[PDB]
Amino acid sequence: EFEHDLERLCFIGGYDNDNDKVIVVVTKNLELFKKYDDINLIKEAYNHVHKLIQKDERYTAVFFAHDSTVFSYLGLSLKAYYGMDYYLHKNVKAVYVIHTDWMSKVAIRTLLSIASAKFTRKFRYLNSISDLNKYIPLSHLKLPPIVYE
């Protein structure tokens, strides 16, 4: 029975401290489904998550990305998570990706950081060293001569 394989790829692991669902997906386990022939997978996957999250439920998603990357399993899991109906995106408290390779780590942090308004507000674009003196005193910094020419 493959409905069991499909239950070790994605399952309800717990219920956090607010009593809302915490659904786990273990991306590396997308390899069990290679053994089947003439399957869809993403429709099987989509109707299964629909069985684990009904409409109106606020939940948390957690992706265990051990032994997968943006170019293999974690790529498709996340692409597939993005293709979900909007209510799944509206109703998540947070998505967690845990432990992937170095590439994908810095791929993810870049995407998240482009999206972090809290952070992109912190930038301040000045035209020369002179205009910095107002915020950080130039008498407080040892700098090479390159920054002065």
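All residue numbers are counted from 1 along the displayed sequence.
Mean temperature factor over C-alpha atoms, higher-scoring stretch between 35-43 and 108-116: It is 35-43.
For residue 22, the third of its chain into which the C-alpha B factor falls: Its C-alpha B-factor belongs to the lowest third of this chain's values.
Residue 101, C-alpha B-factor rank within chain (lowest, middle or highest third): It belongs to the lowest third of the chain when residues are ordered by C-alpha B-factor.
Residue 60 CA temperature factor, ranked by third within the chain: According to the entry, residue 60 has a C-alpha B-factor in the chain's lowest third.
Chain-relative CA temperature factor third for residue 80: Its C-alpha B-factor, which the entry lists for residue 80, ranks in the lowest third among residues of this chain.
For residue 94, the third of its chain into which the C-alpha B factor falls: Its C-alpha B-factor, which the entry lists for residue 94, ranks in the lowest third among residues of this chain.
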